[PDB]
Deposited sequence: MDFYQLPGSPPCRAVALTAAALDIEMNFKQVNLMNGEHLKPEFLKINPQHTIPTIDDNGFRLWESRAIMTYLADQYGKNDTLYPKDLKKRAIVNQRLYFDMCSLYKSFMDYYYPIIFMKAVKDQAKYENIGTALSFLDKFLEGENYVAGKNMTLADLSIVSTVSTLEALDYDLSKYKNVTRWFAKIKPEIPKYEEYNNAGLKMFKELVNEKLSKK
């Protein structure tokens, strides 16, 4: 399988973490990313890639439970991550980081709103979407760790901070496949 990616890209790191958690080797290509080419099957949309890889190559279904109710909750969190959390991170930081535009306080507050929802999801919970670490944890951590790298303060979100701190040690190859690619953000 070929993996077309960009080391800093949060969606790319979500896929890379997923491949690491499933112990899947991918041929990493550098250049809509990420895209995988799985023996001729081309697939884009990070989260669709993640759920495809889990079902097609997951030894057990802990990351993406076959049980339909548990799966629906993972799916619900993946939509939230993509449409609210990740989108709001992009909408505020990307113009600042790349276009050196002026900070937008309204877009900045959308980040806070998304995190408050995430913080509520994690109340009384070890993981974002069920009793075990799921794909939703790997997806969301790719954005949350990028916020921290950009010096967003998460301590107010004590469930987010709690979850983030305990999840990094559980994630296979977290340092190699997420932490490393964060260097571009820590330098700007």
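Engineer: Ranges lacking C-alpha coordinates, please, mapped onto the deposited sequence and listed in sequence order.
Structural biologist: No C-alpha coordinates exist for 32 to 50, 208 to 215.
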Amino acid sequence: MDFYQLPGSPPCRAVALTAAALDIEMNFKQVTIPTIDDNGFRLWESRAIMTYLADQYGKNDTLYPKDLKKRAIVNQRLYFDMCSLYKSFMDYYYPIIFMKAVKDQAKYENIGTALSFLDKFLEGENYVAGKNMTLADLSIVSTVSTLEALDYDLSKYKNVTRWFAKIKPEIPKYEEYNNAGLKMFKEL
From here on, numbers count along this sequence of modelled residues.
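Engineer: Report the stretch with the higher mean CA temperature factor, choosing between 109 to 117 and 76 to 84 on the basis of the entry.
Structural biologist: It is 109 to 117 that shows the higher mean C-alpha B-factor.
Engineer: As stated in the PDB record, which stretch has the larger average Cα B-factor, 64 to 72 or 34 to 42?
Structural biologist: On average, C-alpha B-factors are higher across 34 to 42.
Engineer: For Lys156, return the chain-relative third of its C-alpha B-factor as stated in the PDB record: lowest, middle or highest.
Structural biologist: Its C-alpha B-factor belongs to the highest third of this chain's values.
Engineer: Among the chain's modelled residues, which third holds the C-alpha B-factor of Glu148?
Structural biologist: For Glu148, the deposited C-alpha B-factor lands in the highest third.
Engineer: Compare the C-alpha B factor of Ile24 with those of the other modelled residues in its chain, then answer lowest, middle or highest third.
Structural biologist: Answer is middle: the recorded C-alpha B-factor places it there.
Engineer: Relative to the other modelled residues of the same chain, rank the CA B-factor of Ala165 and answer lowest, middle or highest third.
Structural biologist: It falls in the middle third of the chain.
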